[PDB]
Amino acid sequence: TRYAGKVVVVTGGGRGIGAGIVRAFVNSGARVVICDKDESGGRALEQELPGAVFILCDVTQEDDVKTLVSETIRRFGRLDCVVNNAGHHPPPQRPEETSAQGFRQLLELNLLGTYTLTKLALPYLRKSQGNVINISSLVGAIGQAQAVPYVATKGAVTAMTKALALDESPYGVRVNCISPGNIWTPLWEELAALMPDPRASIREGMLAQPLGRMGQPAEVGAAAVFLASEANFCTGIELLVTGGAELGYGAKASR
C-alpha cells in the first residue's frame, strides 16, 4: 500500500540488486517495468510477479531507451519513479592495465545510460511530481583498489545526482542516490570465481564491514522504496547502504 497506484521503471532489474528493488516496489503496491538487456532473469520475474512486466532494453542504446519510456506510458498511463541500477564492475585491473577505450565503454553503461533514461523520463516525472533514484557506490566516495574506471564512473553518478536535484527542485521532482557497499549478488559471485582464492576473497568481502556480513538486494530495495514514497524533504542525498565499511581504521597496506 505504501506506493500503490504508482509506476516504476528499474534498469538492470533482471537479477541482483535490480531484482531486489523490483520485488520491493511490487510489495509496496506499485506496478514495475523491468528493464534489462538479458532476457532470462527478467522474463521469469515477470511470470513470477503480478504487476511487473519485462521490456528488453539496452540502456546504452538511445533508441532502446526511447522505446522503453514510450511503451511504459502507452501501457500504464503515467511514470512516477526511475531507478537507474544497470551497471557493471570489471575484473580488478592495475592502472597500467586499463585502457581509454575500456574506460569510455564503462562510462557509456554506468553514467551515460543513467543520463539518457533520466532525460527522456523527466517530462513525465514532472507531470506526476515523481522522483529519480540512482544506484551509485560507496567506492565513488572513498575509492577502491584496482578499479580506476569503475570508481570514476560512480563519482560522476553521485555528483550528477546533486546537480540534477538542483535543476529539478523548482518542479518538485526529487533526485537522490543510494551508495551500496559489498552486496552479495551474481556479479559478486562471478568476480570472486576469477580470484586466485575465491573462498578467501568472499571471506575478506564479508569482514570489510563492521557488521561482519555482506548486504542483500532486499536491503537496497527497502532504501529505494523509502526514497520514492516517504522522503519528500530529501533531494540530492547519498544514502549509504554499506554495513559501516567506511567507519574506523582497518588494514590497508600489505607490507
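Note that residue numbering begins at 1 and tracks the sequence as displayed.
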- 92-100 set against 121-129, stretch whose average Cα temperature factor tops the other in the entry: 92-100
- Task: Higher average CA B factor in the deposited record is what I'm after, so tell me if that's 48-56 or 221-229.
- Result: 48-56
- Query: Based on the PDB record, which member of 77, 170, 113, 140 exhibits the highest Cα temperature factor?
  - Reply: 170
- Consider only the C-alpha atoms of the modelled residues in this chain, order them by B-factor as the entry records it, and name the third containing residue 201: lowest, middle or highest. highest
- Message: Could you place residue 216 in the lowest, middle or highest third of its chain by Cα temperature factor, using the values in the record?
- Response: middle
- Query: Sorting the chain's CA B-factors, does residue 177 end up in the lowest, middle or highest third?
  - Reply: lowest
- Message: Quick check on the deposited entry: does the C-alpha B-factor of residue 159 sit in the lowest, middle or highest third of its chain?
- Response: middle
- Item | CA B-factor placement of residue 107, once the chain's modelled residues are sorted into thirds | lowest
